[PDB]
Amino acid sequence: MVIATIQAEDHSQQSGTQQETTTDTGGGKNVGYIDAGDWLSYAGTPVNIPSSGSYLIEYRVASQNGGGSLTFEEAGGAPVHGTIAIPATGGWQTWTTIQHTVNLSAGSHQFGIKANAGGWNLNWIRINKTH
């Protein structure tokens, strides 16, 4: 089941990005202007992970030219949970949902996202239990 949908713009701390209106389905905002080394923290909204095992993490992303990469991690930078490439969608507001599985320990987590490479926008993240 879905543990949580986290809107990208609901970060508690960030470095180097900016919010903008999104035209994706449902409206609201996206995080843009993401460059290599930029980061977002969700430490202000802890997410309880009910059991140790596999979780499918989904990212609602847009990218004009491609080349982007992110790491899904614990806020602060360690441990790291996984990395995923962001494909080109051909527009800054042409959206798609990408997916990877990570393995998480049970308990209270504070998540963060680090941009390894830029060129992508983020609308929201969804964390799913798949074990």
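From 1 onward, residues are counted along the sequence shown.
Quiz item: Going by the B-factors listed in the PDB entry, is the mean over the C-alpha atoms higher for 119-127 or for 16-24?
Solution: Taking the mean B-factor of the alpha carbons in each, 16-24 is higher.
Quiz prompt | Given 39-47 and 80-88, the range whose Cα B-factors average higher in the PDB entry | solution = Going by the record's values, the stretch with the higher mean is 80-88.
Exercise. Could you say which of 30, 65, 71, 105 has its CA atom at the highest B factor, as listed in the PDB entry?
Key: Answer, based on the entry's C-alpha B-factors: 65.
Quiz item: Of 57, 34, 61, 75, which one's C-alpha B factor is largest in the deposited record?
Solution: Max CA B-factor in the entry, restricted to 57, 34, 61, 75: 34.
Practice problem: Divide the modelled residues of the chain into thirds by Cα B-factor and specify which third, lowest, middle or highest, holds residue 8. | Solution: Answer is lowest: the recorded C-alpha B-factor places it there.
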